[PDB]
């Protein structure tokens, strides 16, 4: 496929927090276009992102990010006066760095990985109301040379829902056999979960794939996660197994039974999915 380049660009983007239907709340890149989860932010190690944020809502909101470099004034917490009053604006700055050798011979780990942002002030000073309402989104930081996927799908286990959706309503994702598909998997709220995919597996490391025959990372199809965990992987759709409606679900038994299930709909080249009948 493609390969991520070396980073180092200074980037800008506008972001809004807005109310959505039925007490929900979401982030968006354009007014009236908020979504749960929020827009995918992608950066290359070295990039700087200035987020020109605006709160269109009637209550304070903030933007807090995992993993990336930010100064304390972009913490997005009320305690550090980094929240945004109703109608207010503020520029959050996120920075990223390459790995490299420190002066003392140690190895500084880079920014790359599967990360996320979310509100930190709605409902409580820890964003408990903001997370419930839908104020979360994925951030991917790529290392130079990372393979780029054909498509990227974000799955958020938010309490007992997926992406704040009604029970038993997916979401479903479509691919064709051989597609390189990237899953970003984020958890929020109160519960632990176990994320599981039928017919596909991945390595429990940074990229979700073994670096080669010297990489001892476990290969899994079932992963325990809890509030604010994030991980990701790339799989080849239908590799070794073929086309079909491949279930993904939380494997906590009452959780799948109550509707934390969706489908990885993998099609043959002719567009068919053998045996699928919803």
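Positions refer to the first chain, counted from 1.
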property	result
Average Cα temperature factor in the PDB entry - higher stretch of 222-230, 64-72	64-72
Greater mean Cα temperature factor according to the PDB record, 121-129 or 185-193	121-129
Residue, from 160, 140, 155, 151, that the PDB entry assigns the highest Cα B-factor	151
Selection from 235, 252, 36, 29 [criterion: highest C-alpha temperature factor in the record]	29
Ranked against its chain, the third holding the CA B-factor of residue 262	lowest
Chain-relative CA temperature factor third for residue 94	middle
Entry-reported Cα temperature factor of residue 145, expressed as the chain third it lands in	highest
Assigned third (lowest, middle, highest) for the C-alpha B factor of residue 111	middle
Third of chain Cα B-factors occupied by residue 241	middle
